[PDB]
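Please treat every number below as a calculation from the coordinates, not as lab data. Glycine also receives a Cβ, built like all others from the backbone with ideal geometry; neighbour counts cover every protein chain displayed.
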Amino acid sequence: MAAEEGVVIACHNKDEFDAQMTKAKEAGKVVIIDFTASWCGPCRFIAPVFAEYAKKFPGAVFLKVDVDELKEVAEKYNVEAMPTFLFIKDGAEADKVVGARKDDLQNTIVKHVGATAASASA
């Protein structure tokens, strides 16, 4: 029983997806949407990483959606079909990553939510 806690949300009807995408522009935090075709992939190995990360980074809203029921969202950002951790800084598009990289995720959230990016500079 999680009834959607303070972790990486899991929208599944747009309405929910917005509940976050909107809590970033006004809230003053970066956005992190975790798309997905249908299988996703690991959805277990990095499971305790995403959700746990959403909270670890209070400078973001975090959220996961399915590009099979509301793809309309992924089609706007151009994801195609995958666990793309598409981002929406300022309410547009800062960049994307993927829900299968434990070295590319926390690395992107730091550049958008971390405002420091603990991974090289130039």
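Numbers at a glance
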| read-out | value |
| --- | --- |
| Restricting segment 13-27 to residues that are in contact with a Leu (Cβ under 7 Å, 6 or more places away or on another chain) and surrounded by 14 or more Cβ atoms within 10 Å (Cβ to Cβ), the residue that is nearest to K89 (Cα to Cα) | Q20 |
| Any hit, segment 48-67, residues being acidic (D, E), within 20 Å of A92 (Cα to Cα) and out of contact with any strand residue (DSSP E or B) (no Cβ under 7 Å at 6 or more places or on another chain) | yes |
| Total residues in segment 1-59, condition within 13 Å of the chain's Cα centre (by Cα) and at positive phi | 1 |
| Leading residue by the ranking (surrounded by the most Cβ atoms within 10 Å (Cβ to Cβ)) among those in segment 36-94 that are without any contact (Cβ under 8 Å) to a residue 60 or more places away in the chain and polar (S, T, N, Q) | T84 |
| Pairs with Cβ under 8 Å, 6+ apart, first in segment 4-18 and closer than 14 Å to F57 by Cα, second among the basic types (K, R) and part of a strand (DSSP E or B) | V8/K64; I9/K64 |
| Matching residues, segment 96-122, being exposed (fewer than 14 other Cβ atoms within 10 Å of the Cβ), touching a residue at least 12 places away in the same chain (Cβ under 8 Å) and on the phi > 0 side of the Ramachandran plot | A115 |
| Failed condition for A37, given (1) among the aliphatic types (A, V, I, L, M); (2) within 20 Å of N78 (Cα to Cα); (3) touching a strand residue (DSSP E or B) at 6+ places or on another chain (Cβ under 9 Å) | (3) |
| Failed criterion for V98 (all others in (1) part of a loop (DSSP other than H, G, I, E, B); (2) of a type in the set (A, V, I, L, M); (3) in contact with a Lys or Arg (Cβ under 7 Å, 6 or more places away or on another chain) hold) | (3) |
| Any hit, segment 24-40, residues being β-branched (V, I, T) and in contact with a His (Cβ under 7 Å, 6 or more places away or on another chain) | yes |
